Number of protein chains: 2
Amino acid sequence: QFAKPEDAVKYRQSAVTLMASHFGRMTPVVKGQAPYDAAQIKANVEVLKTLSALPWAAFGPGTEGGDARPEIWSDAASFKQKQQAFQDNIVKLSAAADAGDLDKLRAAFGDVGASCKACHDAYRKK
Amino acid sequence: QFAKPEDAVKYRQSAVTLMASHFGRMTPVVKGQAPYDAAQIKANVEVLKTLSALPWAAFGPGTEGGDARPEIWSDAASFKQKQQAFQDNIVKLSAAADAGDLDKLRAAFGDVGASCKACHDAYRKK
Ligand code: HEC
Ligand code: HEC
Ligand SMILES: O=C1O[C@H]([C@@H](O)CO)C(O)=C1O
Ligand SMILES: O=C1O[C@H]([C@@H](O)CO)C(O)=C1O
């Protein structure tokens, strides 16, 4: 859907800004510093689920740029596995949010966060 | 969810970048220049539906900036009505996509586009 490669870079950077806000806005809730409203978090995690699928289609072939390391394209199977791990962790976070269980939420949230950091450590320019 | 007002501006600009890409990538389909796959468009419009709700919460009180006109906050009822119109047009686009009807899709897509332009004409700095 991108007229030029720069358009894919702009799209993915926007997508990761959104996904990051929908993840990180739950930090105070997971830490107990903000109240836990199960419905609020269920709805938010549904948004995060949709957003979490979007960046990956904007690393198509030819969209080299931004802070994406080139190893994203040359180790395509290894990058796909960091992305799949992250998405399966998002499924576990959805399950926790749907269950309305703060303990389960905290654990799943930590797993998600670890998966974000693991991909950045390998595939995001420093 | 924004530590500072600048964070709301960054979020909404990212949100409108995503929503714009998910809307505008359907232009070739509506024009017949790309094939119409009803399932493909149904899925895409589900993403657009989620995205289309996101910008509006990032014009909270105090988030003046970017290319948002100040009349967004001082004519809050009038801005809310441009946003509601746009969201009700998104509902009609969802219905068309769910029905798998290209004629209905084209008509709904045009209504959505008009609603985007009408809000920009009033509320987006030139
Ligand atoms: C690979 C499988 C990743 C996962 C999982 C996550 N992120 Fe990511 N992120 C990745 C790349 C390759 C890039 C660079 C994109 C580009 O083209 O520039 C990013 C970027 C971000 C950014 C922007 C940082 C900046 O300097 O602007 C943020 C804020 C970010 N990523 C956050 C984030 C979060 C919160 C994730 C889990 C919830 C997450 N990322 C996962 C690769 C990958
Ligand atoms: C008000 C009810 C709006 C509707 C409906 C739509 N848009 Fe919008 N848009 C609006 C504002 C107030 C702004 C500025 C945001 C800021 O703080 O800067 C925008 C911005 C955009 C942009 C970015 C333009 C730029 O110069 O970067 C785009 C690409 C954009 N809007 C597209 C868009 C589309 C495709 C819409 C319908 C599908 C749409 N907008 C609706 C206000 C409103
Ligand atoms: O909200 C965020 O969480 C991850 C990471 O900090 C988790 O360790 C990340 O990159 C963000 O922007
Ligand atoms: O894709 C887009 O459609 C609207 C408008 O051009 C429709 O008239 C807009 O602002 C876009 O970025």
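Numbered from 1 within each chain, the chains take letters A, B, ... in sequence-line order. Atoms considered below: every heavy atom in the structure, side chains included; atoms not considered: hydrogens, waters and symmetry mates. We count ligands from 1, going down the list as the structure has it; atoms in each ligand are counted the same way.
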**Q** Look at atom 7 (C) of ligand 3 and say whether a protein heavy atom is found at less than 4.0 angstrom from it.
**A**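 Under the 4.0 Å cut-off, atom 7 (C) of ligand 3 does have protein heavy-atom neighbours.
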**Q** Counting only N and O atoms by type, is there a donor-acceptor contact under 3.5 Å from the side chain of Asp7(B) to the main-chain atoms of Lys4(B)?
**A**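 Pair found, side chain donor or acceptor close to backbone of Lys4(B).
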**Q** Measure from the side-chain N and O atoms of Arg69(A) to the backbone N and O of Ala122(A), and report whether any donor-acceptor pair falls under 3.5 Å.
**A**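 Looks like yes, one N/O pair under 3.5 Å.
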**Q** Taking side chain to side chain donor-acceptor pair (under 3.5 Å) as the cut-off, I'd like each qualifying pair that reaches into residues 106-117 of chain B, sequence neighbours left out, listed once.
**A**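 Residue pairs with at least one partner in residues 106-117 of chain B: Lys92(B)-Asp111(B), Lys117(B)-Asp121(B).
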**Q** Is there a donor-acceptor pair closer than 3.5 Å between any side-chain N or O of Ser21(A) and the backbone N or O of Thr17(A)?
**A**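 No.
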**Q** Looking only at atom types and distance, does a side-chain atom of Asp75(B) sit under 3.5 Å from a main-chain N or O of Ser78(B), one as donor and one as acceptor?
**A**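 Side chain of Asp75(B) to backbone of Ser78(B), a donor-acceptor pair under 3.5 Å: no, none is there.
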**Q** Is there any protein N/O under 3.5 Å from an N/O of ligand 1, and what does the full list of such pairs look like?
**A**
{"unit_1": "ligand 1", "atom_1": "7 (N)", "unit_2": "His120(A)", "atom_2": "NE2", "d": "2.9"}
{"unit_1": "ligand 1", "atom_1": "9 (N)", "unit_2": "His120(A)", "atom_2": "NE2", "d": "3.0"}
{"unit_1": "ligand 1", "atom_1": "17 (O)", "unit_2": "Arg12(A)", "atom_2": "NE", "d": "2.7"}
{"unit_1": "ligand 1", "atom_1": "17 (O)", "unit_2": "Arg12(A)", "atom_2": "NH2", "d": "3.3"}
{"unit_1": "ligand 1", "atom_1": "18 (O)", "unit_2": "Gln13(A)", "atom_2": "NE2", "d": "3.0"}
{"unit_1": "ligand 1", "atom_1": "18 (O)", "unit_2": "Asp67(A)", "atom_2": "N", "d": "2.8"}
{"unit_1": "ligand 1", "atom_1": "31 (N)", "unit_2": "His120(A)", "atom_2": "NE2", "d": "2.9"}
{"unit_1": "ligand 1", "atom_1": "40 (N)", "unit_2": "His120(A)", "atom_2": "NE2", "d": "2.9"}

**Q** What orientation do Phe59(B) and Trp73(B) show, parallel under 30°, tilted 30 to 60°, or perpendicular over 60°?
**A**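 Tilted.
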**Q** Is it the case that the side chain of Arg12(A) and the backbone of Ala58(A) share a donor-acceptor pair, with hydrogens and angles ignored and the cut-off at 3.5 Å?
**A**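 Checking the backbone N and O of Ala58(A) against the side chain of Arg12(A), a donor-acceptor pair under 3.5 Å is found.
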**Q** Got the closest protein heavy atom to atom 2 (C) of ligand 3, with its distance?
**A**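 So the nearest neighbour among protein heavy atoms is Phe23(A) CD2, 4.0 Å.
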**Q** Determine whether any protein heavy atom is located less than 4.0 Å from atom 11 (C) of ligand 4.
**A**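 There is no protein heavy atom less than 4.0 Å from atom 11 (C) of ligand 4.
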**Q** So which protein heavy atom does atom 4 (C) of ligand 3 come closest to, and at what separation?
**A**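 Atom 4 (C) of ligand 3 sits closest to the protein heavy atom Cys116(A) CB, 3.9 Å.
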**Q** Kindly identify the option in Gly113(A), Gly110(A), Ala20(A) whose heavy atom sits closest to atom 5 (C) of ligand 3.
**A**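 Among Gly113(A), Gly110(A), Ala20(A), the closest heavy atom to atom 5 (C) of ligand 3 comes from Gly113(A).
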**Q** With no hydrogens and no angle check, just 3.5 Å: does a side-chain donor-acceptor pair link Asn44(A) and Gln40(A)?
**A**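 No, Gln40(A) and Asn44(A) have no side-chain donor paired with an acceptor closer than 3.5 Å.
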**Q** Short list, please: which atoms of ligand 3 are under 4.0 Å from a heavy atom of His120(A)?
**A**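 Per the distance check, 10 (O).
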**Q** If you define the side chain from C-beta out and look only at heavy atoms, does anything of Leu48(B) sit under 4.5 Å from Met26(B)?
**A**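 In contact.
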